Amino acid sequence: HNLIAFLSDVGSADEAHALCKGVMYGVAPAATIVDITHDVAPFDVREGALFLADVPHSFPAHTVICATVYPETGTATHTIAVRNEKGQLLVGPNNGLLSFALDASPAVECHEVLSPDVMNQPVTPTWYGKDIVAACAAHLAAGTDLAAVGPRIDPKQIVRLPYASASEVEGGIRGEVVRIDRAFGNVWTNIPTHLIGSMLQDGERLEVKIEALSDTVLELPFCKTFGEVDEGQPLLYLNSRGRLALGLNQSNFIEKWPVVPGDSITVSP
């Protein structure tokens, strides 16, 4: 595994995430390190998990996914090392961070990271991120056996985060805002491609209510892509993996209709 993909909440504005790569480089000088992001919101293990959901599929099987948003650092919350179905390794706090990454490619084997010989010593209690997660990630990239990191554990011993699921209701489908595509202000839902094919049939616009905004009701064209309506006009579309989203063509949807994650969305014919 010569590729190490690296995510955290330490930011990219100071030297911290780079000290981590320094440790990794020394351990695994044959390795390539690519940053996922270091801009996860601080302590926000669910934001990080969401960022990581599509990382398994996008990255080659020879990747180590090294991840650390670890406000539980220096406590009884351990680090885990996981082999997934794709053959990738993934290292991080057992705090639910890897939950959605594992939804895409389940755990096949899991170990708690307990061995001193895969840690950067002496381990600093406020930076398990660098001393255990990053170092272990580098040891594995460097050819270390997974079983050498510490004791096997059962996959149910991996902490999982609840994720709401969209459903059929009254006369359409009810889901919620999962996240915002912050670079553009597009809104992303948890509504899968399959649920809405009944109301996709007729070429007519759909009804969308967002209840968090004094109960806003929009009528909206279901589009393949942004360019299909006039600039600044709203659309509905399937985002880049298979969820319903809302945006304005070459404008910012949420600046116009201020939704947050959690907000309910119903679509109906």
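One-based numbering along the sequence shown.
- Legend: mean Cα B-factor per stretch from the PDB entry, 145 to 153 versus 72 to 80; the higher mean is in 145 to 153.
- Note on 91 to 99 vs 177 to 185: mean CA B-factor is higher in 177 to 185.
- Annotation for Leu244, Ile33, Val208, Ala28: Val208 ranks highest, by Cα B-factor.
- Residue set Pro106, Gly171, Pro125, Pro116: peak C-alpha B-factor at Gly171 (per PDB entry).
- Remark: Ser8 belongs to the lowest third of its chain, ranked by C-alpha B-factor as recorded.
- When the modelled residues of the chain are ordered by C-alpha B-factor, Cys20 sits in the lowest third.
- Among the modelled residues of the chain, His139 sits in the lowest third by CA temperature factor in this PDB entry.
- Among the modelled residues of its chain, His111 has a C-alpha B-factor that falls in the middle third according to the deposited record.
- Annotation for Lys86: C-alpha temperature factor in the middle third relative to the rest of the modelled chain, per the entry.
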